[PDB]
Amino acid sequence: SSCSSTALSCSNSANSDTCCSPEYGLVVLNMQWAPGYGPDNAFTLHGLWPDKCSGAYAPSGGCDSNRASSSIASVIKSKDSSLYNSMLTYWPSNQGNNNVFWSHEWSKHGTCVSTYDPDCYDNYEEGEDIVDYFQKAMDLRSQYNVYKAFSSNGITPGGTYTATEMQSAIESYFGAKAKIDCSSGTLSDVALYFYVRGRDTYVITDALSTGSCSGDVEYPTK
């Protein structure tokens with residue numbers, strides 16, 4: 001009875017049961033501002049990537065080949081219609097091929113979250129782990145609203161802002177530095193770094209890099 005909840009990944013208190021404390025203890029939530037994809041008032045998801053505590057990446061081919069998949073859109077569609085519909089809105093592939101995008105994120109990163117290993121479920125049915133993972137990430141993109149962090153500090157779409165004011169809004173709103181990346185001086189992605197308390201309560205921590213945005217950054221309308 002229990003999954004030891006004060007356990008914090010990357011600390012002297014992580015319990016060795018990889019079903020109750022993630023093996024890749026440092027996780028980054030990568031969200032992007034792609035014009036033409038998702039709501040006007042929201043960053044959409046790129047992925048939830050588990051990393052080593054030193055920030056080193058996990059195996060580039062994922063961590064469970066037997067669990068890799070190139071059919072993630074029909075697996076989610078059949079296990080959960082609502083989760084499939086939310087993903088079309090909040091996790092669109094900015095390259096017009098959702099199934100290849102979601103299959104890559106599941107295979108390379110999803111297999112590396114040990115709390116969703118099938119041996120952790122006391123009564124497992126196929127596809128349980130996949131839905132837990134896509135749902136945990138969607139929830140985090142919702143709960144960590146970067147668009148609200150910027151607007152509340154007067155940074156809205158369709159303006160030129162300084163990278164410096166952008167970091168203060170993320171820093172003051174969430175209490176941690178994020179990795180803000182630009183492409184040709186236009187904002188493109190924002191990533192938030194985390195630690196896990198117990199099985200899956202994310203605790204934010206400072207990004208291990210402030211990112212490529214520097215100077216005046218354009219924040220376009222979607």
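First things first, this report covers the structure right here in the doc. (Residues numbered from 1 in each chain as written, not as in the entry; some residues may be left out. Heavy atoms only, no water.)

1. As for empty space enclosed by the protein
Applying the stated criterion to the full structure yields one cavity of 30 Å³ or more. Here the largest cavity defines a volume of roughly 80 Å³. Lining the largest cavity are 14 residues, with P22, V27, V113, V196 and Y202 positioned closest to its centre. (1 Å grid on protein atoms, 1.4 Å probe; cavity = no way out; pocket = protein on both sides within 12 Å on 5 of 7 lines; lining within 4 Å. Points joined across faces, edges and corners; volume = space filled by probe spheres on them.)

2. What about the packing of aromatic side chains?
Scanning the model with the defined rule gives 16 aromatic pairs in all. Note on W33 and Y147: the rings are 6.1 Å apart at their centroids and 15° apart in plane angle, and the pair reads as stacked. Highlighted residues: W33 in the loop between β1 (26-32) and β2 (44-51) and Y147 in helix α5 (residues 146-151), separated in sequence by 114 residues. On the basis of relative accessibility, which here comes to 18%, the residue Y147 falls in the buried class. Both rings, one in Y161 and one in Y219, keep their centres 6.3 Å apart while their planes meet at 70°; by these two values the pair is edge-to-face. Of this pair, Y161 sits in strand β3 (residues 159-162) while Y219 sits in strand β7 (residues 216-219); the two residues are 58 residues apart in sequence, bridging distant segments of the chain. Judged by its relative accessible area of 11%, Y161 is buried. Note on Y219: relative accessible area 0%, which makes it buried. (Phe/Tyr/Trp six-rings, centres within 6.5 Å; stacked < 30°, edge-to-face > 60°. Helix = DSSP H or I, 4+ residues; strand = E, 2+ residues; numbered from the N terminus. Buried < 20%, exposed > 50% of the residue type's maximum accessible area, 1.4 Å probe, protein only.)

This is a description of form; function is not addressed.
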